[PDB]
């Protein structure tokens, strides 16, 4: 009398592809530009059949949905940005879960909007072989809408929306120390940014702009003591070196640098650490401040969560 069923355990997901090196998690798939979407089997205890769950891409699942974070709409990921390994998920006899592989193409990573919440892979299960049913939900109204929880007494679990975004290898949270040779409104001075313990150094975020570029927001004082913000753009080459450029309309910038894996020995927490070293010049033309800076940036953590649930709103 048993009634086997298949479903997607989560309806809204956020996958951040973590390129490069991660300490706390295995990102082999990420470095191959891949992700896996998983389905589950239930309503029984032993799966006696080879189960095949057919699904299709259904772009209308995105209708009327917006990211809670940004208030922008969920956008169906363009077909050329990703390749599904199959049109079905197979859960073999004796197994209770399985997944389908997604290969993200170079097209995905070239899109400037792929560094943030924008594109979504939307899937609907169609039929199932080897189990009685797909968990389609129990509607409390006619014309029910899958993505509107209020339309159901038992929620539908036959679809999933995966928002996808990426970070490049240099993306991370870093501790920064260095020396600025400054000229502030004609007055020259050295600014030493150094705390006795690497642990207490200034915390800064290097975010992703593209496959090669990153952004780093900093501040420096004007002649009045007020803090002036500005953004530098780092652009990385195959060999690990970078050039330094402006990322803010208020600053002209030039320089060079490098990422060195394990460049800092017996650094933060006694472990050897990944670091970025910069030698650069900044002209804050509107504020009359010029800085010749040498910086050391120690990696504290990549600060990425590969998989989270996604908060969406239905305006």
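Numbering follows the first chain given and starts at 1.
Colleague: Regarding 56 to 64 and 272 to 280, which shows the higher C-alpha temperature factor on average in the entry?
Modeller: Averaging CA B-factors over each stretch, the winner is 272 to 280.
Colleague: Comparing 162 to 170 with 217 to 225, which has the greater mean CA B-factor as deposited?
Modeller: On average, C-alpha B-factors are higher across 217 to 225.
Colleague: If you check the C-alpha B-factor for each of 87, 142, 106, 117 in the entry, which is highest?
Modeller: Within the set 87, 142, 106, 117, 142 shows the top C-alpha B-factor.
Colleague: Please pick out which of 130, 150, 99, 76 has the largest Cα B-factor as recorded in the entry.
Modeller: Of 130, 150, 99, 76, 150 has the highest C-alpha B-factor.
Colleague: Compared with the other modelled residues in the chain, in which third is the CA B-factor of residue 22?
Modeller: For residue 22, whose C-alpha B-factor we compare with every modelled residue in the chain, the answer is the highest third.
Colleague: Grab the CA temperature factor for residue 38 from the record and place it in the lowest, middle or highest third of its chain.
Modeller: Lowest third - that is where residue 38 ends up once the chain's C-alpha B-factors are sorted.
Colleague: Taking only the Cα B-factors deposited for this chain, tell me whether residue 293 sits in the lowest, middle or highest third.
Modeller: Middle third.
Colleague: Using only modelled residues of the chain, where does the Cα B factor of residue 126 rank: lowest third, middle third or highest third?
Modeller: Lowest third.
Colleague: Residue 193's Cα B-factor: lowest, middle or highest third of the chain?
Modeller: Highest third of the chain for residue 193's C-alpha B-factor.
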